[PDB]
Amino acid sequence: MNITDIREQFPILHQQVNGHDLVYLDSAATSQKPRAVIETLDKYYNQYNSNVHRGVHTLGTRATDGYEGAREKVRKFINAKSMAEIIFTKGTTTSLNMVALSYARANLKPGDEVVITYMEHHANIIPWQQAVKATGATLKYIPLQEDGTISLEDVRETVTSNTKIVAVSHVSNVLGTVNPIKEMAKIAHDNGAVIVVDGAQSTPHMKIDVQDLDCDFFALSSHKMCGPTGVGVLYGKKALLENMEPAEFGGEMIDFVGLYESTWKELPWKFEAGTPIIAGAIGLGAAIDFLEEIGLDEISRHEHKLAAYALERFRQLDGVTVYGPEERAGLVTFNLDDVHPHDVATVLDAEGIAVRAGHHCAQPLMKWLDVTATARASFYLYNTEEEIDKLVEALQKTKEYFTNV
């Protein structure tokens, strides 16, 4: 894996910001796209754009073939059994909302429990809040260890025989934690529940295997894995998706429509109302081709190299708190003593370094850490150790400057 060759594929990286070279370290918010994906979108809009499953002319069949081939690329990418288990959505948030509306709100009686965690993104929290409010069920949280990890014993103690849904993220966007999804799925099934994996932060950086994890649902976003914005994937076990009513209604997802009642299509189109995100899904397929061409194991090893390097360099700075475990994904969430994270992000952007500051759409975790805000630098397959050097040097300069104030 030559990283110069990879960086040469992303045109947005080769620019300057406020005089300095661009050091993009906000991939956990969104990733950049290689020429393959952008040129896939270009070829679609330039050559064979047409509506899919709706008119059998040449361009129509070309577009339909591209769309469904992207669906099968997704099926192979995450090792799903059937592409009937692969549903194209607007993103991870929309997929989680779909599971919460079509599975949760239809399979929860009072006394049933929905268990999430303290590190969950807001997308994996509020849908469950609203579902248990609509059904009168109970929302429970799995506590976290002092290093930000989850122990399986805490899981077993939190999920009971009255639990219907375990909702948990694969990788934490704040802590960098890689949660034990496999054993958690075993635990949830032993108690008669299903498991919903928020895989928004894991899918771009590590290989996914729905079979090995035995997850009942899995949600991912394309803009974080070098794919176009506005498209994501919901994976559900075919047996579960068959008994779930559609979250949306309209064309493409119906079989027969009478004046008052209608019947639905087979999977997966039962859950894809209206004209789908054609170009977006085909570009996501291009992104999957690109990632598999580089190799997801290689990307994971590069990420772990960057993360260990960043943790060591951060420990070389004093006056910096880093949140989360040692074994982690490629992101570092931190704060500087006596400097607010927004000012850190501002002065880092003055140096052309792009980081995120705030709660990262995880306020319960922020209060769990007893912090109000937080800075974060996230790495992907185009980031170098030289960029982490620039980051830690600018952090030392920020500390020296604010101390001199």
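In case it trips you up, residue 1 is the first one in the sequence shown, and so on. Throughout, rigid core stands for the largest set of C-alpha atoms superposing within 1.5 Å between the two forms.
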{"item": "Between 347 to 355 and 41 to 49, the one whose CA atoms sit farther away in 8 other deposited structures of this protein (rigid core aligned)", "value": "41 to 49"}
{"item": "Of 222 to 230 and 329 to 337, the one with larger mean CA B-factor", "value": "329 to 337"}
{"item": "Between 243 to 251 and 109 to 117 (mean CA B-factor, as deposited), the higher", "value": "109 to 117"}
{"item": "Most elevated Cα B-factor in the entry, residues 273, 132, 281, 123", "value": "132"}
{"item": "Highest recorded Cα temperature factor - choice among 51, 372, 27, 46", "value": "372"}
{"item": "Residue 368 by Cα B-factor - lowest, middle or highest third of the modelled chain", "value": "highest"}
{"item": "Third of the chain's Cα B-factor distribution that residue 170 belongs to, per the entry", "value": "middle"}
{"item": "Among modelled residues of the same chain, the CA temperature factor third for residue 256", "value": "highest"}
{"item": "Position of residue 9 among the chain's modelled residues by C-alpha B-factor, lowest, middle or highest third", "value": "middle"}
{"item": "Modelled-residue ranking by C-alpha temperature factor, third containing residue 343", "value": "highest"}
